[PDB]
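Novice: Quick one: experimental structure and sequence below.
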Amino acid sequence: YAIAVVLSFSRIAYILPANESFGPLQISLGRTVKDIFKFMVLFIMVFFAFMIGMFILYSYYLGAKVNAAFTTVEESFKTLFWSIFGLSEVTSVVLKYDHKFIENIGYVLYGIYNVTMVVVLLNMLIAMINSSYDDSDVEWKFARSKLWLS
Amino acid sequence: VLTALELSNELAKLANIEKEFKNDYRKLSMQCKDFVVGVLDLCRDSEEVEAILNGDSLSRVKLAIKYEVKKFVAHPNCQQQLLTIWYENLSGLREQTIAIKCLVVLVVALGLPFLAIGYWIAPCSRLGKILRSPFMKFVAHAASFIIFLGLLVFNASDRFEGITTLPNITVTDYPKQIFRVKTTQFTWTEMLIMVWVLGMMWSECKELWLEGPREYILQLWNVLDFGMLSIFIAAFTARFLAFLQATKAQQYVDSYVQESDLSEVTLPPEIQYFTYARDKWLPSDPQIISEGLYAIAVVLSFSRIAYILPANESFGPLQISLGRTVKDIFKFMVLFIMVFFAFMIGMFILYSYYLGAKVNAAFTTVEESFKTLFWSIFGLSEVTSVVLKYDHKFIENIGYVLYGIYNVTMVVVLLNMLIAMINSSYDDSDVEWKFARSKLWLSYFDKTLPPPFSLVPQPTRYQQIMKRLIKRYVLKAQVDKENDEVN
Amino acid sequence: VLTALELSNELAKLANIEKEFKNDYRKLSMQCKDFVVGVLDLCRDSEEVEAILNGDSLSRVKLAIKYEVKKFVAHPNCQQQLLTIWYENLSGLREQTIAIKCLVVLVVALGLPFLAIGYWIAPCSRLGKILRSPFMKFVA
Ligand SMILES: CCOC(=O)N1CCC(c2cc(O)n3nc(C)c(-c4ccc(C(F)(F)F)cc4)c3n2)CC1
Ligand SMILES: CCOC(=O)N1CCC(c2cc(O)n3nc(C)c(-c4ccc(C(F)(F)F)cc4)c3n2)CC1
């Protein structure tokens, strides 16, 4: 029911095209969302690469790690997903044992993953800026005309 | 056309060498490329297309790829030939959707060992022609690398939900067995991955010996692939060394002491160390090195998908744009290093004398300063890293000011990089992607089995065609010039 | 105009199928769309606009929407007809501001069950024509 309530407010895309101010707004949002998926596939590829790599590294330290963030597949996915928005602490790759090799490799891999996320984000932003260019006006009017004819 | 291509090469080389009149030489090279493209454009039959694409084996296409003549290779007159050759001996698959092609890839992946075994009769069999096509080679290699990734993932099985036993506790199949024997022994999946990596390493070694180390290292991505395989080999060598030590301990324990149980025996400390858990392992243990290098290798192993993406149409320009951005990054990233090292050394000098005084040791040593200022880029470093426990407000305030200036500099450089590599962006993207995909296609034309399975053992008619094409080009150029100057 | 629209469909489909000469087929489809738009542009009376918008029911508008002919449907000569049909049987509301339209939406929302109950007499009632308009359907 909570998921349904979250999705229930998405029907406003049936009402926005009739409006004049928010028509091109929704058109641009739809174009950006369509452009997202192509880059988001590569997001999945890189994210899964680092997720499996760090899970393999830290799977043997379930109780050794101070914060279990890569010990299992689910925690690795959670931590590397929340690292995109910065909500994951940097102390996720430090151990309680004096195995500095594993800890340092985890630090390096985490830094490389964050750098890759930044690089891919800027690449996506630049590409879907360049992909942007009364074409917007005629596109919005076409969408509104489809809504009218509906 | 060959003269124009070699002249384009010479003009590009002289543009690189001169660096004073680089614009003029680049313009001349573009003129040569435009002439080649225009000569190719006037084709009206497959015979003329073939004649331009190779002289009296796509020799001219390969020679244009070598000279980075993007528009000649991405031209539809050449793409129509490259697609016919690429989809050779299987034409019905060209018109199928992407989903059908992915289904074919999955079918090949499921039955790859079966078709590999049957390849012995393939030269005399009808299906051998299909399996020898330039496309089924790519599908076989892609399904092979996907199987390798699946093997890497499945090797980490039994730990997806987490190890059931704590690191502090040792588990032995029988009481007389050394724990390191249990933890270092190769599973069948690891043995298969070893064969896989040795196959890829043999392929790369053969390629390197055929080509030459200098220009082999000249390519950046080949260096990355070689480093990936070297890291895999180093990890497996460390694992094998750990296995050797464990099995030496196992031989020793049954060699001298004869007791029903191993716990009651006071083994020599060298051998007794092998009955320890992870908590008591040395920091430089061979197994630790093996696990770290294997994790790095697994991280780098999914980067080979850049060999599969260019063949696709949707993700081709995606990878092209990503590569362009990555190439643009390094120039700004050098300045990132400069500024980052400036602030890192400055703050380390400031806070090196407060090792125990600082509430959070974040700048007391060189390593902590580097760690903190690197993580400050992504915001994961706390702001309390520059506050002391002593009442020395001068040092603390200067640290605060320097940290703020460093963050401002990072923001400024990030926006500068973003703006510059937006402006650096501008069917050029289309022709670039088609050129990359054509290079990928030509990489498979003439390499039949996947890496793991490769271990097993009246002047002239062409002159007439060229004369006709050049006569047509001269007539077209004259018509275009005089039509624009009729008045 | 119908021939040009079907030819634009065929050229777009062949551009998708070929993927080698996609630029040429897309250019031809754009030529067909431009011809359709230019034919629509020369209208000077409502009769000619209607004749282009449907043959001997906005058949051509629907068929152009199906073929993604954006410029033919977004042309003012077609928008003037689509707005007259959209604001059918209530013309005074077209010139009102967005605030008045939102007030109308709120009024309908408050009295939606009442008008739904009264819809039984609506076909014989004056307000049934308003409630059956293409706009009041969207507001409802
Ligand atoms: C990618 C980001 O990953 C990270 O966060 N790291 C990777 C490196 C790790 C580390 C661990 C250690 O024990 N030590 N000890 C020393 C002397 C250094 C050191 C640090 C920096 C430099 C440089 F600045 F000159 F490059 C040279 C040497 C050092 N580093 C810390 C976490
Ligand atoms: C670059 C960011 O660096 C930082 O975070 N800081 C730098 C300044 C530091 C500091 C320490 C102190 O003891 N005091 N005492 C006073 C009265 C001020 C003060 C603060 C602000 C202003 C202004 F807003 F008017 F500019 C004037 C005076 C003040 N500041 C705090 C950390």
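Specialist: Yep, it's here. Numbering: from 1, shown residues only, chains lettered A, B, ... in the order given. Ligands and ions are numbered 1, 2, ... in the order given.

Novice: Quick check: residues of chain A near ligand 1?
Specialist: Within reach of ligand 1 by CB under 6 Å from any ligand atom, chain A has these residues: A:104, A:107-108, A:111. Placement of C-beta: from N, CA and C, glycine included.

Novice: Of the residues you listed, which is the nearest to chain C?
Specialist: residue A:111 (40.8 Å; CB to the nearest CB).

Novice: pretty sure the closest one is in a helix, no?
Specialist: Yes - using DSSP: H, G, I helix; E, B strand; the rest coil, the assignment for residue A:111 is a helix.

Novice: Counting neighbours, what do you get for the nearest residue to it once chain neighbours are set aside?
Specialist: Distance criterion CB to CB, 6 or more residues apart in numbering or on different chains; nearest residue to residue A:111, sequence neighbours excluded, is residue B:374 at 6.3 Å. Using other CB atoms under 10 Å in any protein chain shown, residue B:374 has 18 neighbouring residues.

Novice: Tell me which residue in chain A sits closest to ligand 2.
Specialist: Nearest residue of chain A to ligand 2 (CB to the nearest ligand atom) works out as residue A:86 at 20.0 Å.

Novice: on that earlier part again, just the ones of the residues of chain A next to ligand 1 in strands?
Specialist: Among the residues of chain A next to ligand 1, no residue falls in strands (DSSP state E).

Novice: among these, which are in helices?
Specialist: A:104, A:107-108, A:111 (DSSP state H).

Novice: thinking again about what came up before, check contacts around the residue of chain A closest to ligand 2.
Specialist: B:378-380 (CB atoms under 8 Å, 6 or more residues apart in numbering or on different chains).

Novice: so residue A:65 touches residue A:57, yeah?
Specialist: No - counting by CB atoms under 8 Å, residue A:65 does not reach residue A:57; the two are 10.8 Å apart.

Novice: coming back round to it: farthest pair within the ones in helices among the residues of chain A next to ligand 1?
Specialist: Pairwise distances across those (CB to CB) peak at 10.7 Å, for the pair A:104 and A:111.

Novice: Which other helices and strands does the helix ranked longest in chain A contact?
Specialist: Criterion DSSP H: the longest helix present in chain A is helix A:23-58. When contacts are defined as 3 or more CB pairs under 8 Å, 6 or more residues apart in numbering or on different chains; DSSP states H and E, helix A:23-58 sits against helix A:73-82, helix A:100-130, helix A:135-149, helix B:134-155, helix B:286-301, helix B:316-351.

Novice: by how many degrees do that helix and helix B:134-155 diverge?
Specialist: 60 degrees (axes from the mean of the first three to the mean of the last three CA atoms, to 10 degrees).

Novice: Now do helix A:23-58: distance to the chain's middle.
Specialist: 5 Å (CA atoms, centre = their mean, to the nearest Å).

Novice: try stretch A:46-62
Specialist: With CA atoms, centre = their mean, you get 18 Å for stretch A:46-62.

Novice: do the same with stretch A:93-106
Specialist: That offset, for stretch A:93-106, works out to 28 Å (CA atoms, centre = their mean).

Novice: Quick one: residues in contact with that stretch.
Specialist: With CB under 8 Å, 6+ apart, stretch A:93-106 has contacts from A:54, A:57-58, A:61, A:64-66, A:69-70, A:107, A:109-110, B:167, B:278-279, B:281, B:283-284, B:288-289, B:291-292, B:295-296.

Novice: so residue A:79 makes contact with residue A:90?
Specialist: No - between residue A:79 and residue A:90 there is no contact under CB under 8 Å: 10.8 Å.

Novice: any shared contact partners between those two?
Specialist: Common neighbours of residue A:79 and residue A:90 (CB under 8 Å, 6+ apart) do not exist.

Novice: OK, contacts around residue A:110?
Specialist: So residue A:110 contacts A:54, A:83, A:90, A:92-93 (CB under 8 Å, 6+ apart).

Novice: Report the two of the residues you listed separated the most.
Specialist: A:54 and A:90 (13.8 Å).
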